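This report refers to the structure that appears directly beneath it.
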Amino acid sequence: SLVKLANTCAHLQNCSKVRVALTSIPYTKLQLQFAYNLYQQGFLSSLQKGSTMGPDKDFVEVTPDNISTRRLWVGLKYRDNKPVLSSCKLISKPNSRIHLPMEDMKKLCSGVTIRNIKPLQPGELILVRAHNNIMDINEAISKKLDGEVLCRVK
Amino acid sequence: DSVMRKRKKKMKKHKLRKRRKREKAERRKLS
Amino acid sequence: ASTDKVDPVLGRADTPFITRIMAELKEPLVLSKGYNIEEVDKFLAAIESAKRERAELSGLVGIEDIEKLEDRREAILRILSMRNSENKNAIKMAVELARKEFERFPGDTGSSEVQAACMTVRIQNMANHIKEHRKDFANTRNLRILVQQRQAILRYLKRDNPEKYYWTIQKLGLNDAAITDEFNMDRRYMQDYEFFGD
Amino acid sequence: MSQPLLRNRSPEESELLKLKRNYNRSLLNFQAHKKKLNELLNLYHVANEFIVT
Amino acid sequence: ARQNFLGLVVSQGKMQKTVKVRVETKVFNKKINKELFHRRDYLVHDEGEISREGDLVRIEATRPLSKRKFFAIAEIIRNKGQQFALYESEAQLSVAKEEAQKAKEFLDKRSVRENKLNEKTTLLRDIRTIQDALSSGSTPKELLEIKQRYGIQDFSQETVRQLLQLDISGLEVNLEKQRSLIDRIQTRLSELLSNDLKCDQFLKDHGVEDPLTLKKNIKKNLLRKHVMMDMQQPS
Amino acid sequence: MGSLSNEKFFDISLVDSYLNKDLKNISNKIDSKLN
Amino acid sequence: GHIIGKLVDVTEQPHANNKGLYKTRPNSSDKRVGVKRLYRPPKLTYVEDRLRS
RNA sequence: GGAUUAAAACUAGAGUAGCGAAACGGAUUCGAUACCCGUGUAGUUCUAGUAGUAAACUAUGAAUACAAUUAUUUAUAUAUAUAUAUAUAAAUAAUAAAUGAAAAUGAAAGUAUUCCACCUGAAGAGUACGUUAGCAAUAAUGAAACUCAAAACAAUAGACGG
Ligand SMILES: [K+]
Ligand SMILES: [K+]
Ligand SMILES: [K+]
Ligand SMILES: [Mg+2]
Ligand SMILES: [Mg+2]
Ligand SMILES: [Mg+2]
Ligand SMILES: [Mg+2]
Ligand SMILES: [Mg+2]
Ligand SMILES: [Mg+2]
Ligand SMILES: [Mg+2]
Ligand SMILES: [Mg+2]
Ligand SMILES: [Mg+2]
Ligand SMILES: [Mg+2]
Ligand SMILES: [Mg+2]
Ligand SMILES: [Mg+2]
Ligand SMILES: [Mg+2]
Ligand SMILES: [Mg+2]
């Protein structure tokens, strides 16, 4: 769901403004892939599976009995009195989805505004979804993949 | 809009009502 | 004009399901609050029998005259008579009867067919209220929304299980047109189907 | 990441779940039925004070 | 090749051998920068008049067949429209039979109640004669009649107790058996899992081959399937 | 006390023991013990 | 030493409750996020306080 | 699209104490077609309808996810050394952050998402014409020409206030 992803993007911005060290997001494949990309890129300190009440200390298998109570817990980073994850916005919106070929993704990473999408800025992360997998735009260009431009994180 | 500005619309509405009453009267005599 | 004009609120007149449930509520010895006379007669006889047995174990004011025990039964059956209780109790019994005629299994209360049947009972009761309270617009609005809610649940059923859908609407006295077509229960409907009569 | 997101209930787990859920519904129905009979008994004890003739 | 479209039949039975099919195509709207779906209804030739409203069909371009017909039905991808027609006819017959049976069960119940209202005899009085005749020795013909009103040929203290039995009593025992089974299944599996040695033996005894070489989930399900096959099949 | 109660206004325990052959299977048991 | 942030799953409550019913599904409280409890200063309690009073 | 919709008004049949457009009088006044006083008709009331308009206002469309505190009630639940205590929601008040032209908003007028309605200088104008609906009053829809470089909001310091 792009709506759920929009909710998570706004939630992370709200948490950064108040500078909470730990927060939770919905437990879904897309959310987990989204969070994992942020973790590998250094935007998130930690990524743990858990419940509504907090991160799990020991592995708890997820089943239909507890799926409704599952959450993903992420740790936010702050350095030099500044949040590492300052902004998080969707590019492809629920009511206007944007699919780009690899050629247009290369233009976006080169400073060209494609379909009103402002080009990639220094130190910014743009994520792309292709065949239900989320990857960095630079990685999609390396794999010659065409996909939906989901969001941009800075 | 403020009361001051409302008063301009009030005057226009009053004059339209006054003119329609006047027209009605004429129709009665001319009818 | 040859179209099958089925009242979207009350359905076809003389629907066997609607008529039979109504008749069941008006049977001579129907009781309210979940009691059935057969279970109440055995239970009251058991109390007397049980008391005698308890008086033949630790025992050695005689027994009550049978006429007095018959009057205690008459008081219990008058207090629990459906004909002496609120109309809401009768509707509660109808909802149970309707649910059991449509349920897929014991305990099925959320299937679309069961929901539609339970809504039908309340729609029928609410429509009767409106016919006697034609100026009660607050409850007319409730009726409209309830009728539209029944349409929504049945429309989903048609998508999910078409075979059950056609069976359900036939038993409830409705037709596909009554469900699919937009309905506002407006003033033209009240005059074309003579909701209030004359 | 390699862990599956959801593990479907095994057929046996679904059987035990249905047993518990059926029991829960049956117990509540029984307890309400017995409560009603206990109120019918307490009403019989006082029906000698009620007038029908 | 001939241009083929996919669409939903939205009108049928109004024109002879003609149906209206709704085709939706994907287009880009430059103004709003969004890829939209554009809809159009096509008049389509149905040579066999097989299609029905609601069906999903593929239409293929053909020669001009009329002023406005330039496509024909080429295949029924999904036949939901045809299914609707079949289920409606069956419903009328199926419901009529059920309503007839229910109408006959209602009149029968009414007759039984009416018949009982014609018998002034009451359970309490009848149970007060079977308990006085059984304590006094008198055997008026009423008892023989009572032995027919209820079918109780023998008049003993253990016959009035079986005339006044309430269903609630049976429910109370079925509920205890249900609770026992669940409790036993859980305790059994709980204990088995606590002792890996008794678990490995348990599986082998019930016919598992080398249960030792199994996963926690691949083997706990076997234990659960066995514990529920040793407390529900034997009972 | 339940079934074996002395209250004039008893509970359903007494009626349940009657129909369950308990107030009778205990009366005989007590009497047999007295024997 | 009470643990904060731990949710008892239905799998951990196999036995019936004080009402005689089994728990087969999460309740509404279990489905509300409890992040706030992680950040609220814990109320310190002591058994000795009860004896002192 | 449909339904409901204050007050006034209208169509019939009742009712009519008090109040009270209008009208006729008494005062006040330079004058008083007013403010005050009297007599007081419609109306205000009921029954059956028409009509669908209000500063019909929170001048703030609905829905969902989310974000830092306090206080005060309310509800549910829990506990006991039995009346408090501990929890979880709702409401209200004051706020942090954020937002904003500011006044301020404060769980939205914040961070986001989805859908609908609406706006594009003033005046002309919610007017003219046409159309639709209504017994009617009217209601809805709704322009252009000419003219002008205006027009408007928040806030600031004054001046003034019967
Ligand atoms: K032709
Ligand atoms: K009057
Ligand atoms: K709206
Ligand atoms: Mg304005
Ligand atoms: Mg709905
Ligand atoms: Mg008022
Ligand atoms: Mg009149
Ligand atoms: Mg005058
Ligand atoms: Mg004068
Ligand atoms: Mg006056
Ligand atoms: Mg009206
Ligand atoms: Mg007006
Ligand atoms: Mg208006
Ligand atoms: Mg108001
Ligand atoms: Mg709603
Ligand atoms: Mg107008
Ligand atoms: Mg100002």
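If you're wondering about the labels, chains in the structure tokens are A, B, ... by order shown, residues count from 1 in each chain, ligands from 1 in order shown.
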Original post:
Contacts of residue E:104 at 12 Å or less, counting only C-alpha atoms (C1' of nucleotides), minus same-chain residues fewer than 6 places along, as a PyMOL selection string?
Top reply: (chain C and resi 16+20) or (chain E and resi 97-98+110-111)
**OP:** Using backbone DSSP assignments, extract all alpha helix (DSSP H) residues from chain D; output them as an MDAnalysis selection string.
**Re:** chainID D and resid 11:44
**OP:** Write out as a PyMOL selection string which residues come within 12 Å of stretch 32-49 of chain G when counting only C-alpha atoms (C1' of nucleotides), dropping same-chain ones fewer than 3 positions away.
**Re:** (chain A and resi 15+20-26+50-55+68-74) or (chain G and resi 1-7+26-29+52-53) or (chain H and resi 66-69+81+85-89)
Subject >> Between atom CA of residue A:94 and atom CA of residue A:75, distance in Å (one decimal) >> reply: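 That distance, rounded to one decimal, is 27.0 Å.
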Original post:
Near stretch 152-159 of chain C, counting only C-alpha atoms (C1' of nucleotides), which residues have an atom at most 12 Å away, once you skip same-chain residues fewer than 3 positions from it, shown as a PyMOL selection string?
Top reply: (chain C and resi 110-120+145-149+162-170+172+174-183) or (chain E and resi 54+80-81+83-84+87-88)
Go ahead and write the selection's residues with N, CA and C atoms as a CSV table (one decimal), in the first residue's frame.
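Contents of selection.csv, as written:
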chain,number,residue,atom,x,y,z
C,110,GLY,N,-22.4,-13.7,10.8
C,110,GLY,CA,-21.8,-12.6,10.0
C,110,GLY,C,-21.8,-12.8,8.5
C,111,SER,N,-22.3,-14.0,8.1
C,111,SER,CA,-22.4,-14.2,6.6
C,111,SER,C,-23.4,-13.2,6.0
C,112,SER,N,-23.1,-12.8,4.8
C,112,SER,CA,-23.9,-11.7,4.2
C,112,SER,C,-25.4,-12.1,4.1
C,113,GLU,N,-25.7,-13.4,3.9
C,113,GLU,CA,-27.1,-13.9,3.8
C,113,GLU,C,-27.7,-13.7,5.2
C,114,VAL,N,-27.0,-14.0,6.3
C,114,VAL,CA,-27.6,-13.9,7.6
C,114,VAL,C,-27.8,-12.4,7.9
C,115,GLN,N,-26.8,-11.6,7.6
C,115,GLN,CA,-26.9,-10.1,7.9
C,115,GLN,C,-28.1,-9.6,7.1
C,116,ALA,N,-28.3,-9.9,5.9
C,116,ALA,CA,-29.4,-9.4,5.1
C,116,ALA,C,-30.8,-9.9,5.7
C,117,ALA,N,-30.8,-11.1,6.2
C,117,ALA,CA,-32.0,-11.6,6.8
C,117,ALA,C,-32.3,-10.9,8.1
C,118,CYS,N,-31.3,-10.7,8.9
C,118,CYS,CA,-31.5,-9.9,10.2
C,118,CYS,C,-31.9,-8.5,9.9
C,119,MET,N,-31.3,-7.9,8.9
C,119,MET,CA,-31.7,-6.5,8.5
C,119,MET,C,-33.2,-6.5,8.0
C,120,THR,N,-33.6,-7.6,7.3
C,120,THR,CA,-34.9,-7.7,6.8
C,120,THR,C,-35.9,-7.6,7.9
C,145,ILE,N,-31.5,4.4,5.6
C,145,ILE,CA,-30.1,4.0,5.7
C,145,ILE,C,-30.0,2.5,5.9
C,146,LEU,N,-31.0,1.9,6.7
C,146,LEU,CA,-31.0,0.5,6.9
C,146,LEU,C,-31.3,-0.3,5.6
C,147,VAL,N,-32.2,0.2,4.8
C,147,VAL,CA,-32.5,-0.4,3.5
C,147,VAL,C,-31.3,-0.4,2.6
C,148,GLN,N,-30.6,0.8,2.6
C,148,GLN,CA,-29.5,0.9,1.7
C,148,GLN,C,-28.3,0.0,2.2
C,149,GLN,N,-28.2,-0.1,3.6
C,149,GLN,CA,-27.2,-1.0,4.1
C,149,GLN,C,-27.4,-2.5,3.6
C,162,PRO,N,-22.2,-15.9,-6.1
C,162,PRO,CA,-23.5,-15.6,-6.8
C,162,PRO,C,-24.6,-16.6,-6.6
C,163,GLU,N,-24.3,-17.8,-6.4
C,163,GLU,CA,-25.4,-18.8,-6.2
C,163,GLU,C,-26.1,-18.5,-4.9
C,164,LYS,N,-25.4,-18.3,-3.8
C,164,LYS,CA,-26.1,-17.9,-2.6
C,164,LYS,C,-26.9,-16.6,-2.7
C,165,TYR,N,-26.3,-15.7,-3.4
C,165,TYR,CA,-27.0,-14.4,-3.6
C,165,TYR,C,-28.4,-14.5,-4.2
C,166,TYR,N,-28.5,-15.3,-5.3
C,166,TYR,CA,-29.8,-15.4,-5.9
C,166,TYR,C,-30.8,-16.2,-5.0
C,167,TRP,N,-30.3,-17.2,-4.3
C,167,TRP,CA,-31.1,-18.0,-3.4
C,167,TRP,C,-31.6,-17.1,-2.3
C,168,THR,N,-30.7,-16.2,-1.7
C,168,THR,CA,-31.1,-15.4,-0.6
C,168,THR,C,-32.1,-14.4,-1.0
C,169,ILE,N,-32.0,-13.7,-2.1
C,169,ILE,CA,-32.9,-12.6,-2.5
C,169,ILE,C,-34.3,-13.3,-2.8
C,170,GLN,N,-34.3,-14.4,-3.4
C,170,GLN,CA,-35.5,-15.1,-3.7
C,170,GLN,C,-36.3,-15.5,-2.4
C,172,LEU,N,-35.9,-13.9,0.5
C,172,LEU,CA,-36.3,-12.7,1.2
C,172,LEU,C,-37.4,-12.0,0.5
C,174,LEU,N,-37.0,-10.4,-2.6
C,174,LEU,CA,-36.5,-9.3,-3.4
C,174,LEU,C,-36.1,-9.8,-4.8
C,175,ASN,N,-35.7,-8.9,-5.7
C,175,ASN,CA,-35.2,-9.3,-7.0
C,175,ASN,C,-33.9,-8.5,-7.3
C,176,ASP,N,-33.2,-8.9,-8.3
C,176,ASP,CA,-31.9,-8.3,-8.6
C,176,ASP,C,-32.0,-6.8,-8.8
C,177,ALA,N,-33.1,-6.4,-9.4
C,177,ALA,CA,-33.3,-4.9,-9.7
C,177,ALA,C,-33.4,-4.2,-8.4
C,178,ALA,N,-34.2,-4.7,-7.4
C,178,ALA,CA,-34.3,-4.0,-6.1
C,178,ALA,C,-33.0,-3.8,-5.4
C,179,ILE,N,-32.0,-4.7,-5.7
C,179,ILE,CA,-30.7,-4.6,-5.0
C,179,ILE,C,-29.7,-3.7,-5.8
C,180,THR,N,-29.6,-3.9,-7.1
C,180,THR,CA,-28.6,-3.2,-7.8
C,180,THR,C,-29.0,-1.7,-8.1
C,181,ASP,N,-30.2,-1.5,-8.4
C,181,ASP,CA,-30.6,-0.1,-8.7
C,181,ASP,C,-30.5,0.8,-7.6
C,182,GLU,N,-30.1,2.1,-7.9
C,182,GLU,CA,-30.0,3.1,-6.8
C,182,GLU,C,-31.4,3.3,-6.2
C,183,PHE,N,-31.4,3.4,-4.9
C,183,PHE,CA,-32.7,3.6,-4.2
C,183,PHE,C,-32.5,4.7,-3.1
E,54,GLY,N,-22.3,-9.0,-17.8
E,54,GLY,CA,-21.4,-9.3,-16.7
E,54,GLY,C,-20.2,-10.2,-17.2
E,80,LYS,N,-19.1,-15.0,-15.9
E,80,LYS,CA,-19.9,-14.6,-14.7
E,80,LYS,C,-21.3,-14.2,-15.1
E,81,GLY,N,-21.5,-13.6,-16.2
E,81,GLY,CA,-22.8,-13.2,-16.7
E,81,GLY,C,-23.7,-14.4,-17.0
E,83,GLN,N,-23.3,-17.4,-15.6
E,83,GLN,CA,-23.5,-18.0,-14.3
E,83,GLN,C,-24.7,-17.4,-13.6
E,84,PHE,N,-24.8,-16.0,-13.6
E,84,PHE,CA,-25.9,-15.3,-12.9
E,84,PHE,C,-27.2,-15.9,-13.4
E,87,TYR,N,-28.0,-19.4,-12.0
E,87,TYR,CA,-28.2,-19.5,-10.6
E,87,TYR,C,-29.6,-18.9,-10.2
E,88,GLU,N,-30.1,-17.9,-11.0
E,88,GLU,CA,-31.4,-17.3,-10.8
E,88,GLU,C,-32.5,-18.3,-11.0
Polymer residues at most 10 Å from stretch 8-16 of chain B, only C-alpha atoms (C1' of nucleotides), same-chain spacing of 6 or more positions, as a PDB file with N, CA, C and O atoms (P, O5', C5', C4', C3', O3' and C1' of nucleotides), in the first residue's frame:
ATOM      1  N   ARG B  22     -42.353  48.859  -6.040  1.00  0.00           N
ATOM      2  CA  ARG B  22     -42.876  49.898  -6.918  1.00  0.00           C
ATOM      3  C   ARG B  22     -43.457  49.295  -8.190  1.00  0.00           C
ATOM      4  O   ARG B  22     -44.551  49.670  -8.627  1.00  0.00           O
TER       5      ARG B  22
ATOM      6  P     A H 125     -26.013  46.286 -10.719  1.00  0.00           P
ATOM      7  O5'   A H 125     -25.378  45.324  -9.619  1.00  0.00           O
ATOM      8  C5'   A H 125     -26.212  44.642  -8.689  1.00  0.00           C
ATOM      9  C4'   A H 125     -25.689  43.267  -8.346  1.00  0.00           C
ATOM     10  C3'   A H 125     -24.364  43.234  -7.583  1.00  0.00           C
ATOM     11  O3'   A H 125     -24.361  42.115  -6.697  1.00  0.00           O
ATOM     12  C1'   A H 125     -24.135  42.025  -9.577  1.00  0.00           C
ATOM     13  P     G H 126     -24.439  42.317  -5.108  1.00  0.00           P
ATOM     14  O5'   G H 126     -24.666  40.840  -4.554  1.00  0.00           O
ATOM     15  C5'   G H 126     -25.953  40.229  -4.585  1.00  0.00           C
ATOM     16  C4'   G H 126     -26.380  39.884  -5.992  1.00  0.00           C
ATOM     17  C3'   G H 126     -27.738  39.192  -6.108  1.00  0.00           C
ATOM     18  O3'   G H 126     -28.378  39.595  -7.318  1.00  0.00           O
ATOM     19  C1'   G H 126     -26.082  37.807  -7.031  1.00  0.00           C
ATOM     20  P     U H 127     -29.937  39.290  -7.554  1.00  0.00           P
ATOM     21  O5'   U H 127     -30.383  40.391  -8.611  1.00  0.00           O
ATOM     22  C5'   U H 127     -30.401  41.768  -8.271  1.00  0.00           C
ATOM     23  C4'   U H 127     -29.945  42.621  -9.427  1.00  0.00           C
ATOM     24  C3'   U H 127     -30.519  42.250 -10.784  1.00  0.00           C
ATOM     25  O3'   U H 127     -31.817  42.776 -10.991  1.00  0.00           O
ATOM     26  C1'   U H 127     -28.180  42.570 -10.970  1.00  0.00           C
TER      27        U H 127
END
Original post:
Could you list, as a ChimeraX atom specification, all the residues within 12 Å of ligand 4, counting only C-alpha atoms (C1' of nucleotides) and all ligand atoms?
Top reply: /B:1-2,5-6 /H:59,118-119,152-153
Generate a file of the selected residues that holds N, CA, C and O atoms (P, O5', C5', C4', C3', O3' and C1' of nucleotides), formatted as a PDB file, in the first residue's frame.
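The resulting file, out_29.pdb, is shown below:
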ATOM      1  N   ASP B   1     -16.748  39.127   5.180  1.00  0.00           N
ATOM      2  CA  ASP B   1     -16.636  40.604   5.011  1.00  0.00           C
ATOM      3  C   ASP B   1     -17.104  41.326   6.267  1.00  0.00           C
ATOM      4  O   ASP B   1     -17.968  40.838   6.990  1.00  0.00           O
ATOM      5  N   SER B   2     -16.519  42.492   6.521  1.00  0.00           N
ATOM      6  CA  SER B   2     -16.870  43.270   7.696  1.00  0.00           C
ATOM      7  C   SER B   2     -18.280  43.840   7.569  1.00  0.00           C
ATOM      8  O   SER B   2     -18.896  43.835   6.500  1.00  0.00           O
ATOM      9  N   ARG B   5     -18.468  46.574   4.937  1.00  0.00           N
ATOM     10  CA  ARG B   5     -18.655  46.110   3.566  1.00  0.00           C
ATOM     11  C   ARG B   5     -20.031  45.486   3.376  1.00  0.00           C
ATOM     12  O   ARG B   5     -20.652  45.650   2.319  1.00  0.00           O
ATOM     13  N   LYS B   6     -20.522  44.762   4.384  1.00  0.00           N
ATOM     14  CA  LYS B   6     -21.876  44.221   4.316  1.00  0.00           C
ATOM     15  C   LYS B   6     -22.900  45.318   4.055  1.00  0.00           C
ATOM     16  O   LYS B   6     -23.915  45.086   3.392  1.00  0.00           O
TER      17      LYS B   6
ATOM     18  P     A H  59     -16.700  31.389  14.524  1.00  0.00           P
ATOM     19  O5'   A H  59     -17.284  31.575  13.056  1.00  0.00           O
ATOM     20  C5'   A H  59     -16.606  31.048  11.922  1.00  0.00           C
ATOM     21  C4'   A H  59     -17.528  30.915  10.738  1.00  0.00           C
ATOM     22  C3'   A H  59     -16.844  30.527   9.433  1.00  0.00           C
ATOM     23  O3'   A H  59     -17.730  29.747   8.630  1.00  0.00           O
ATOM     24  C1'   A H  59     -17.795  32.691   9.220  1.00  0.00           C
ATOM     25  P     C H 118     -18.625  23.580  -7.449  1.00  0.00           P
ATOM     26  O5'   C H 118     -17.932  24.840  -6.767  1.00  0.00           O
ATOM     27  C5'   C H 118     -18.659  25.668  -5.875  1.00  0.00           C
ATOM     28  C4'   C H 118     -17.751  26.592  -5.106  1.00  0.00           C
ATOM     29  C3'   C H 118     -16.828  27.467  -5.934  1.00  0.00           C
ATOM     30  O3'   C H 118     -17.483  28.601  -6.471  1.00  0.00           O
ATOM     31  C1'   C H 118     -15.618  26.509  -4.142  1.00  0.00           C
ATOM     32  P     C H 119     -16.903  29.326  -7.780  1.00  0.00           P
ATOM     33  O5'   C H 119     -15.678  30.177  -7.231  1.00  0.00           O
ATOM     34  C5'   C H 119     -15.865  31.159  -6.225  1.00  0.00           C
ATOM     35  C4'   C H 119     -14.559  31.806  -5.851  1.00  0.00           C
ATOM     36  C3'   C H 119     -13.725  32.304  -7.018  1.00  0.00           C
ATOM     37  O3'   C H 119     -14.149  33.578  -7.469  1.00  0.00           O
ATOM     38  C1'   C H 119     -12.353  31.090  -5.510  1.00  0.00           C
ATOM     39  P     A H 152     -11.593  48.880   0.861  1.00  0.00           P
ATOM     40  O5'   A H 152     -11.124  47.413   1.261  1.00  0.00           O
ATOM     41  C5'   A H 152     -12.027  46.321   1.200  1.00  0.00           C
ATOM     42  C4'   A H 152     -11.332  45.010   1.461  1.00  0.00           C
ATOM     43  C3'   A H 152     -10.643  44.873   2.809  1.00  0.00           C
ATOM     44  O3'   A H 152     -11.540  44.552   3.857  1.00  0.00           O
ATOM     45  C1'   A H 152      -9.201  44.103   1.102  1.00  0.00           C
ATOM     46  P     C H 153     -11.209  44.983   5.367  1.00  0.00           P
ATOM     47  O5'   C H 153     -10.192  43.870   5.878  1.00  0.00           O
ATOM     48  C5'   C H 153     -10.587  42.510   5.968  1.00  0.00           C
ATOM     49  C4'   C H 153      -9.409  41.607   6.228  1.00  0.00           C
ATOM     50  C3'   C H 153      -8.631  41.877   7.506  1.00  0.00           C
ATOM     51  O3'   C H 153      -9.231  41.295   8.651  1.00  0.00           O
ATOM     52  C1'   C H 153      -7.124  41.657   5.703  1.00  0.00           C
TER      53        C H 153
END
What are the nearest atom pairs, with distances in Å to one decimal, for all residues of chain C that come at most 9 Å from chain D, using only C-alpha atoms, set out by chain and rising residue number as a Markdown table?
| residue | atom | partner | partner_atom | distance |
| --- | --- | --- | --- | --- |
| C:33 | CA | D:36 | CA | 8.4 |
| C:34 | CA | D:36 | CA | 8.1 |
| C:35 | CA | D:36 | CA | 8.1 |
| C:40 | CA | D:40 | CA | 8.4 |
| C:43 | CA | D:37 | CA | 8.2 |
| C:44 | CA | D:44 | CA | 7.8 |
| C:47 | CA | D:41 | CA | 7.9 |
| C:68 | CA | D:48 | CA | 7.6 |
| C:69 | CA | D:48 | CA | 8.3 |
| C:71 | CA | D:52 | CA | 6.7 |
| C:72 | CA | D:47 | CA | 5.1 |
| C:73 | CA | D:44 | CA | 7.9 |
| C:74 | CA | D:52 | CA | 7.2 |
| C:75 | CA | D:52 | CA | 6.3 |
| C:76 | CA | D:47 | CA | 7.2 |
| C:78 | CA | D:52 | CA | 8.9 |
| C:107 | CA | D:25 | CA | 7.8 |
**OP:** Please provide the set of residues having any atom within 12 Å of stretch 17-19 of chain F, restricted to only C-alpha atoms (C1' of nucleotides), with same-chain residues fewer than 6 positions apart removed, written as a ChimeraX atom specification.
**Re:** /C:42-43,45-54,57 /E:157-170 /F:1-5,11,25-27
**OP:** Pull out every residue of chain E sitting within 12 Å of chain D, counting only C-alpha atoms, and send them as a PyMOL selection string.
**Re:** chain E and resi 166-186+217-229+231-232
**OP:** Enumerate residues in contact with ligand 12: an atom-to-atom distance of at most 8 Å, counting only C-alpha atoms (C1' of nucleotides) and all ligand atoms. Format the result as a PyMOL selection string.
**Re:** chain H and resi 53+138-139
Can you build me a table of chain H residues sitting at most 12 Å from ligand 17, with the closest atom pair per residue and its distance in Å to one decimal, using only C-alpha atoms (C1' of nucleotides) and all ligand atoms, sorted by chain and residue number, as CSV?
residue,atom,partner,partner_atom_place_in_ligand_line,distance
H:102,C1',ligand 17,1 (Mg),11.1
H:103,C1',ligand 17,1 (Mg),9.8
H:152,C1',ligand 17,1 (Mg),9.7
H:153,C1',ligand 17,1 (Mg),6.4
H:154,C1',ligand 17,1 (Mg),6.1
H:155,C1',ligand 17,1 (Mg),7.8
H:156,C1',ligand 17,1 (Mg),11.5
File dump, residues just selected, N, CA, C and O atoms (P, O5', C5', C4', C3', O3' and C1' of nucleotides), as a PDB file, in the first residue's frame:
ATOM      1  P     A H 102       3.636  36.524  10.250  1.00  0.00           P
ATOM      2  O5'   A H 102       3.804  37.181  11.692  1.00  0.00           O
ATOM      3  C5'   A H 102       2.888  36.902  12.741  1.00  0.00           C
ATOM      4  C4'   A H 102       1.768  37.913  12.792  1.00  0.00           C
ATOM      5  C3'   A H 102       0.655  37.604  13.782  1.00  0.00           C
ATOM      6  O3'   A H 102       0.966  38.040  15.094  1.00  0.00           O
ATOM      7  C1'   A H 102      -0.286  38.138  11.679  1.00  0.00           C
ATOM      8  P     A H 103       0.611  37.125  16.364  1.00  0.00           P
ATOM      9  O5'   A H 103      -0.952  37.341  16.567  1.00  0.00           O
ATOM     10  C5'   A H 103      -1.470  38.606  16.951  1.00  0.00           C
ATOM     11  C4'   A H 103      -2.968  38.659  16.793  1.00  0.00           C
ATOM     12  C3'   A H 103      -3.741  37.549  17.486  1.00  0.00           C
ATOM     13  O3'   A H 103      -3.936  37.788  18.868  1.00  0.00           O
ATOM     14  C1'   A H 103      -4.516  37.772  15.270  1.00  0.00           C
ATOM     15  P     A H 152     -11.593  48.880   0.861  1.00  0.00           P
ATOM     16  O5'   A H 152     -11.124  47.413   1.261  1.00  0.00           O
ATOM     17  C5'   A H 152     -12.027  46.321   1.200  1.00  0.00           C
ATOM     18  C4'   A H 152     -11.332  45.010   1.461  1.00  0.00           C
ATOM     19  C3'   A H 152     -10.643  44.873   2.809  1.00  0.00           C
ATOM     20  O3'   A H 152     -11.540  44.552   3.857  1.00  0.00           O
ATOM     21  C1'   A H 152      -9.201  44.103   1.102  1.00  0.00           C
ATOM     22  P     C H 153     -11.209  44.983   5.367  1.00  0.00           P
ATOM     23  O5'   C H 153     -10.192  43.870   5.878  1.00  0.00           O
ATOM     24  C5'   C H 153     -10.587  42.510   5.968  1.00  0.00           C
ATOM     25  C4'   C H 153      -9.409  41.607   6.228  1.00  0.00           C
ATOM     26  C3'   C H 153      -8.631  41.877   7.506  1.00  0.00           C
ATOM     27  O3'   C H 153      -9.231  41.295   8.651  1.00  0.00           O
ATOM     28  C1'   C H 153      -7.124  41.657   5.703  1.00  0.00           C
ATOM     29  P     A H 154      -9.205  42.061  10.061  1.00  0.00           P
ATOM     30  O5'   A H 154      -7.752  41.771  10.635  1.00  0.00           O
ATOM     31  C5'   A H 154      -7.407  40.485  11.125  1.00  0.00           C
ATOM     32  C4'   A H 154      -5.917  40.347  11.299  1.00  0.00           C
ATOM     33  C3'   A H 154      -5.278  41.271  12.322  1.00  0.00           C
ATOM     34  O3'   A H 154      -5.396  40.791  13.651  1.00  0.00           O
ATOM     35  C1'   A H 154      -4.027  41.334  10.320  1.00  0.00           C
ATOM     36  P     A H 155      -5.632  41.811  14.867  1.00  0.00           P
ATOM     37  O5'   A H 155      -4.258  42.609  14.987  1.00  0.00           O
ATOM     38  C5'   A H 155      -3.079  41.969  15.452  1.00  0.00           C
ATOM     39  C4'   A H 155      -1.835  42.703  15.014  1.00  0.00           C
ATOM     40  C3'   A H 155      -1.618  44.078  15.630  1.00  0.00           C
ATOM     41  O3'   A H 155      -1.016  44.016  16.911  1.00  0.00           O
ATOM     42  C1'   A H 155      -1.340  44.217  13.291  1.00  0.00           C
ATOM     43  P     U H 156      -1.190  45.228  17.949  1.00  0.00           P
ATOM     44  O5'   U H 156      -0.305  46.397  17.331  1.00  0.00           O
ATOM     45  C5'   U H 156       1.108  46.282  17.277  1.00  0.00           C
ATOM     46  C4'   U H 156       1.748  47.540  16.748  1.00  0.00           C
ATOM     47  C3'   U H 156       1.374  48.826  17.462  1.00  0.00           C
ATOM     48  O3'   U H 156       2.098  49.008  18.666  1.00  0.00           O
ATOM     49  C1'   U H 156       1.269  49.156  15.121  1.00  0.00           C
TER      50        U H 156
END
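Near chain A, counting only C-alpha atoms at 10 Å, the chain D residues are residues 1, 3, 4, 5, 6, 7, 8, 9 and 17 of chain D.
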